[PDB]
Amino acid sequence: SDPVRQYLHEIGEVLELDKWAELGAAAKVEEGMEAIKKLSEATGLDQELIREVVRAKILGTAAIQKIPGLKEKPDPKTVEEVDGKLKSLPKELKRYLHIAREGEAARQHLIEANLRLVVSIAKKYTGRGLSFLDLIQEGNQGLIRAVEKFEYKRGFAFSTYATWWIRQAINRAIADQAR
């Protein structure tokens, strides 16, 4: 059945989260990136290289793995070996590996929750040259930029912040033919 109809279904079943819950996921995400920085400083690997591999594992068991607009699945081989240079670390270092993961699983739950918030926003930009799908792909990347640039360390809502990014990402994408 039309792949897009499939996706709309899959995110329909996703449970929306409350205010603090989304900030509880952001604070966990940065604590996970504080832990990558360390796993980096040890193993010697590029921070991002570690991120994508950890995300690789977590994404392993997510309800939604194929998200439109997102470059999923790093080299399965590259993951194979990065697992090694990791899961063979000191007693003390294995700890920052669980935190790395919890901050990445958090990032996924924080993304999954706001996929519908994205379908809705995109529903208001149709008939402007870009198909529904193309909008979802620009929105999602707008959602990605949002989860990343967010400061959990302040009493602001994620749903509100995120909206902006999803917004001007979509209307930047329909401004990339026109203005």
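Don't overthink the numbering: it's just position in the shown sequence, from 1.
In this crystal structure, the stretch out of 34-42 and 108-116 whose C-alpha atoms carry the higher mean B factor is 34-42.
Taking only CA atoms, the mean B-factor in the PDB entry is higher for 71-79 than for the other of 71-79 and 96-104. Out of 55, 154, 145, 128, the entry records its largest CA B-factor for 154.
When the modelled residues of the chain are ordered by their C-alpha B factor, residue 166 lands in the highest third.
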